[PDB]
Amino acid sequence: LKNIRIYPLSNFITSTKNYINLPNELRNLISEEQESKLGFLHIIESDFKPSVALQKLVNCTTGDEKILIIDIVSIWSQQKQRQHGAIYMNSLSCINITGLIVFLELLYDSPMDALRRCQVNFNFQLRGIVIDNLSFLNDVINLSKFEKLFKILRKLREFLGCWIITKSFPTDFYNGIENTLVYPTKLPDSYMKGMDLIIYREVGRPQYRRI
């Protein structure tokens, strides 16, 4: 009797976390119940600029909602590219993994202080964080750095409720110039294991596929 659990239905339809809304281009990849609970999405694509699907994943705000775009590649935050529902981190202090981790740790500790570095009034809800491009952050040192990266993103989701979307290039980028450097991307399981959905875009017809 003491152990009986009776839950109001309103518990099962209410969440403290934001979830990713897959665009039509990515529907039919996962279950119905699975899409309902998408918190971490990684996309692998060859495009330097964001593919249309990625563009749709972001710029998905409404009203006070904002997405934090950590623009390592200096694309999203270009003046001709900025959108109203985004906040941008594009800084020389955040184009390597050490600086990135420092910023995200500050965002977790003191969102106001971190967000002030993105030149933001705080009358809004932070819905998501996007990091583009993880391939630019690339022995066992990276497994540890990427594990640390994933752990801080997960803490941020727990505290702030934001979803997380990250992008990397396919393996062909890792071959290097003239193959001199020689999942279909080169990120540690330490990171990839944490993703709810991993999507791979192979192009003249671009096809989005689940991994």
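From 1 onward, residues are counted along the sequence shown.
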Item to check | Residues with no coordinates between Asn138 and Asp139, taken from the deposited sequence as a class | outcome: 4 to 9
Checklist entry - Per the record, how many residues of the deposited chain fall between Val203 and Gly204 without being modelled: none, 1 to 3, 4 to 9, or 10 or more? => result 1 to 3
Item to check | Stretch exceeding the other in mean C-alpha B-factor - 32-40, 152-160 | outcome: 32-40
Checklist entry - Looking only at CA atoms, which has the higher mean B factor in the entry: 110-118 or 95-103? => result 110-118
Checklist entry - Which of these, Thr166, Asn179, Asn59, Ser51, has its C-alpha atom at the highest B-factor, as the entry lists it? => result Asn59
Next on the checklist: How does the C-alpha B factor of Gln125 compare with the rest of the chain: lowest, middle or highest third?
Outcome noted: middle
